[PDB]
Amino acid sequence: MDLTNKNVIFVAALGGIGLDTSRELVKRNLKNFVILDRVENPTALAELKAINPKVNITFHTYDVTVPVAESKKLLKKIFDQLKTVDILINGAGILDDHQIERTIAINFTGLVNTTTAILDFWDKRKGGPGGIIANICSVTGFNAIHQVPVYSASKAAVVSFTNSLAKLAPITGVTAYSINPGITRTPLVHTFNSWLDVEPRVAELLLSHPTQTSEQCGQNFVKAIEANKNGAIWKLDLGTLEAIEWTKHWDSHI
């Protein structure tokens, strides 16, 4: 994927990983960069515009917990305006195992719903051109942080969902791959709640081991986008980019 002249929608572009990925994206000479996030951040918008005045950057308020119809309404308008969209990045996430329902709603259900919505405009069975989805999952979807079992389980769900999307690409025209950061220094991880307070010290302990910065993560994220490998399961950990091989424990044979 040569990002030159492409149109990208990024859900949750303005958080820690999001914004460092966005900084790198706009260095690539996109035609349109459409940010969908819960709250507007004018400072970050100014920053992106200063990095590359050539990119047309637009913002829309978007909360992934809205019903699928509301996502369809917003996406319909963006597709109308732009005519085409090349890539959707689903980046929304929270880390708070005191918020069981909301963790699941944001990290799993919301991602599934934005995906379901955009298929209205991309699905080749409806006359669309197909497209590409990059889902921000997590290494915790491979192997949990067991002190945040709900968070980790929500990420295991979206790892699986993404794998399935990629296997459905011949039918829908929509390829997909997962972006799975290891521990990355952002507001997500500095202080957070463990399930039933099993480990009050969970952030302190987690951060006592090697990590990466959001800049490193963002750099490797855009490299993964540029590789453009349907079904890839990218690990972005300790400043490197690696594709992992999913174990075949079982096969449906369909």
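From 1 onward, residues are counted along the sequence shown. We call the rigid core whatever largest set of C-alpha positions still superposes within 1.5 Å between the two forms.
Root-mean-square C-alpha deviation from the shown form, taken over all structures in 5 other deposited structures of this protein superposed by the rigid core, is larger for 189-197 than for the alternative among 33-41 and 189-197. Larger average C-alpha displacement in 5 other deposited structures of this protein, relative to the shown form after a rigid core fit, is seen for 180-188 when comparing 93-101 with 180-188. Looking at mean Cα B-factors across 186-194 and 214-222, the upper value is held by 186-194.
Averaged over their C-alpha atoms, the temperature factors of 39-47 and 63-71 are higher for 39-47. The entry lists a Cα temperature factor for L14 that places it in the highest third of the chain's modelled residues.
Placement of the Cα temperature factor of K124 within the chain: highest third of the modelled residues, per the deposited record. Looking at the C-alpha B-factors along this chain, the one for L236 belongs to the middle third.
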